[PDB]
Student: 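One structure is given below, represented as structure tokens, and several questions about it will come after.
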Amino acid sequence: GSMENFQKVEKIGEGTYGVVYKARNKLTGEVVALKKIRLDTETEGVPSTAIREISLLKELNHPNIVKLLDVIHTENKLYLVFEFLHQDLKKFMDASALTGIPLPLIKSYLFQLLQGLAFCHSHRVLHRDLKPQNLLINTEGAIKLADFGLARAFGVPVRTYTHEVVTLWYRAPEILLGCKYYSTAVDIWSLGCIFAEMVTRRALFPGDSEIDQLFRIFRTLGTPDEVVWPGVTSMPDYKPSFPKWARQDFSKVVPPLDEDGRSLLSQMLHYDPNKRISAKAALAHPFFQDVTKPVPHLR
Amino acid sequence: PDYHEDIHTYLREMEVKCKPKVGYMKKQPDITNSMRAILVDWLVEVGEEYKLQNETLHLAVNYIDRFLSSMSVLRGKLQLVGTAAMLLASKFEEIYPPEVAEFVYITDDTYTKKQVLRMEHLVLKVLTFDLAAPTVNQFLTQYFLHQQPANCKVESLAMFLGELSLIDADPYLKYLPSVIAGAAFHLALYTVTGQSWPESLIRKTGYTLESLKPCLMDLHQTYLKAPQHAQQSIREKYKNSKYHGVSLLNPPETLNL
Ligand SMILES: CNc1nc(C)c(-c2nc(Nc3cccc(S(N)(=O)=O)c3)ncc2C#N)s1
């Protein structure tokens, strides 16, 4: 009877352990999204993905991170209550087929995504599943990070964590090659793949298997060697039989972009994770010298 | 490196908010410091049998101290509180945690599966889902970066002294995790190399040998009397070649402060 003040409106989508509806608070008027977890079918108690998602999101309050409003623990169920946003970035790109997305809107969305990710990293959190489906937009020009069910708290210096994380098309080369240690640089590689996709409106590296994904990255950026990336020929899944492709001209990778734009994308896609740019340093890049906040055309 | 200073500042803020109440045991009707020492020694044993990380053990001990700061508990239920806290810490921190049936089995069937899962829910309610707490272990791995040069023996001995402090609520509940890590690091370095608390960590932390002195005099006595303590599981563990046999080194007779 603890959900007495909410009225259901319509279903939004499906998920891992939970399913998601749009609802309305009958006393205040507030619109929300509700995620439900059944515990009846749970022979192991509260799931480890829900325990990480709630403990970490309570600590993260920022304008470009989606807000957790309440947790309700009645009966054989656990309900999570979130602020409501109107649409996802993957749906919005599909609807922009004919016009395309104007450059000042692209520049404002990237600047805002970099502010939210720097806040995560300064508070010792890795996200590990950045993709257009998990990024949400409203009618006043804002964009926000969502879905923290695959996230984790890290230490200084890191130790070995779960392998083969991140959806395949958005996954960094140090995870594909089996390296013992990974950190904050894996989330920057995913956002660079997303910047290219907003400009061309198709995925940059769409592979069907782990070896197919690696050979697509090599044909665009060149096969890496010891000069470009010290230590690379010693990694667990590196092989001496890999073909050897030449690196290509960046003006040909995303042809509509200007000189400042090409400079920033090449620093987000550096092979060596020690030399790859941080979210904090990227905020001062000259690409952002004339940034504003446009509203989008929705419906 | 890029975020090292931001992260050290944020953890110094959260250790004050996650701290237990210094005088709680005097207000518990039925349990004692000695019965708590017995529970913590048994948890060290469980972590060795299932091969769990040191960090998982430090987190479960923080959850127990916070719960008993606000809830009265009889001596026959203390073991059920500890089994539930070690289950939650494993789900938070480990790549492959043990199943619920394995936690039911190590209690020699003192408790049922249904009782263990209802206690998990009550601990989550009392701590309001606030589980990402700072530990002695998280401060030590940052301080290790200031060695010149690095020394495997100094690292393993500092972890061993920090672990012994988990066992005895009198006196270690009165000090913060960042302060106990400072005393363990200086004691290990001096024992092995003859060197002292370096100037580069005074600039990072703001702590000196004078501010560290009270915690240091307590930890020196603990180290000298360890072979006679009623609880012995931590000394057995640190005999292993994984930790370089550090528990067999002799303590210094005097410190000269
Ligand atoms: C993708 N994982 C998500 N978990 C929550 C709770 C999400 C959420 N969704 C909305 N509204 C919404 C609107 C349009 C489309 C969609 S989608 N991508 O088809 O499910 C969702 N609002 C808030 C949240 C949150 N948190 S998404």
Side-chain angles (χ1 to χ4, degrees), chain A residues 39-40 42-60 68 70-71 73-76 78 80 117-126 151-165 183-185 187-188 273-282, chain B residues 1-11 13-14 17-18 53-55 58-59 84 87-104 113-114 116-125 127-135 137-145 150:
Chain A
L39 299 154
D40 275 327
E42 295 291 336
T43 166
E44 284 264 342
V46 182
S48 68
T49 62
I51 281 162
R52 284 170 181 180
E53 176 173 359
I54 294 159
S55 69
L56 301 173
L57 216 31
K58 271 171 123 258
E59 286 190 20
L60 298 165
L68 180 66
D70 206 358
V71 181
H73 217 345
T74 80
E75 311 328 325
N76 305 299
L78 195 63
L80 284 75
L117 192 53
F119 193 93
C120 289
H121 292 168
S122 283
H123 300 69
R124 56 82 179 96
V125 178
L126 304 183
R152 98 171 275 153
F154 66 95
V156 175
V158 297
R159 61 172 208 261
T160 302
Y161 303 132
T162 305
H163 171 56
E164 291 189 26
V165 283
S183 199
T184 62
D187 284 334
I188 288 293
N274 286 322
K275 305 323 201 205
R276 201 172 304 146
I277 195 171
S278 76
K280 183 195 298 194
Chain B
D2 285 321
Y3 296 99
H4 286 18
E5 180 178 20
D6 295 340
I7 293 166
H8 175 267
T9 289
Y10 181 60
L11 299 168
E13 170 187 345
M14 301 315 290
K17 306 175 174 186
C18 296
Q53 294 287 313
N54 290 348
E55 176 70 7
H58 289 252
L59 287 171
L87 174 61
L88 285 171
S90 288
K91 291 171 168 182
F92 186 90
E93 190 64 28
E94 302 282 330
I95 297 162
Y96 307 100
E99 298 161 12
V100 176
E102 302 282 348
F103 289 95
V104 171
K113 167 184 191 167
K114 174 190 184 158
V116 172
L117 290 181
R118 303 201 55 96
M119 186 61 91
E120 176 182 77
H121 258 109
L122 181 60
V123 172
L124 280 165
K125 176 206 195 295
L127 310 183
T128 59
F129 286 81
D130 293 315
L131 304 197
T135 58
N137 180 80
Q138 285 169 63
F139 286 102
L140 285 173
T141 69
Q142 293 178 81
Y143 296 169
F144 291 164
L145 305 174

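Atom set for the values below is all heavy atoms of this structure, side chains included, hydrogens, waters and symmetry mates excluded. Each chain gets a letter, A, B and so on, in the order the sequences are listed, and its residues count up from 1.
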Student: Pick one of side chain, backbone, both or neither for B:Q142, based on which atoms fall under 4.5 Å of a heavy atom in chain A.
Tutor: both
Student: Less than 4.5 Å to any heavy atom of chain A: does that hold for the side chain of B:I7, its backbone, both, or neither?
Tutor: both
Student: Taking all heavy atoms of A:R159 and all of B:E55, pick out the closest pair and write down the distance.
Tutor: NH1-CB, 4.3 Å
Student: Donor-acceptor check, side chain of A:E44 to backbone of B:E99, threshold 3.5 angstrom: yes or no?
Tutor: no
Student: Taking all non-hydrogen atoms of both residues into account, name the closest pair between A:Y161 and B:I95 and its distance.
Tutor: C-CD1, 3.9 Å
Student: When you check the gap from the basic side-chain N to the acidic O, do B:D130 and A:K58 get nearer than 4.0 Å?
Tutor: yes
Student: In terms of relative ring orientation, are A:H123 and B:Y10 parallel, tilted or perpendicular, with 30° and 60° separating the classes?
Tutor: perpendicular
Student: Could you tell me which portion of B:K125 (side chain, backbone, both or neither) has an atom closer than 4.5 angstrom to a non-hydrogen atom of chain A?
Tutor: neither
Student: Is it the side chain or the backbone of A:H73 that comes within 4.5 Å of chain B heavy atoms, both, or neither?
Tutor: side chain
Student: For the candidates B:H121, B:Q138, B:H4, B:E120, which exhibits the highest count of non-hydrogen atom pairs separated by less than 4.5 Å from chain A?
Tutor: B:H121
Student: Using non-hydrogen atoms only, which part of A:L39 is less than 4.5 Å away from chain B: side chain, backbone, both, or neither?
Tutor: side chain
Student: For the side-chain contact (heavy atoms from CB on, under 4.5 Å) test, which of A:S183, A:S278, A:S122 pairs with B:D2?
Tutor: A:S278
Student: Rounded to the nearest 0.5 Å, how far does CG of A:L56 lie from CZ of B:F129?
Tutor: 13.0 Å
Student: At a heavy-atom separation under 4.5 Å, does A:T43 approach chain B through its side chain, its backbone, both, or neither?
Tutor: both
Student: Counting only heavy atoms closer than 4.5 Å, note whether A:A50 contacts chain B via side chain, backbone, both or neither.
Tutor: neither
Student: What do you reckon, is CD of B:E5 surrounded by more than 12 foreign heavy atoms closer than 6.0 Å?
Tutor: no
Student: Are A:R152 and B:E93 ion-paired here, with the side-chain N under 4.0 Å from a carboxylate O?
Tutor: yes
Student: Has B:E102 got more than 12 heavy atoms of other residues, nucleotides or ligands less than 6.0 Å from its CD?
Tutor: yes
Student: Where the side chain of B:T141 meets the backbone of A:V156, is there a donor-acceptor pair that is under 3.5 Å apart?
Tutor: yes
Student: Non-hydrogen atoms of chain A under 4.5 Å away: do they reach the side chain of B:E94, the backbone, both or neither?
Tutor: backbone
Student: B:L87 versus chain A, heavy atoms under 4.5 Å apart: side chain, backbone, both or neither?
Tutor: neither
Student: Below 30° counts as parallel, above 60° as perpendicular, anything between as tilted: where do the rings of A:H121 and B:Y3 land?
Tutor: perpendicular
Student: Might you point out which heavy atoms bring B:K91 and A:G45 nearest each other, and give the distance in Å?
Tutor: NZ-C, 3.9 Å
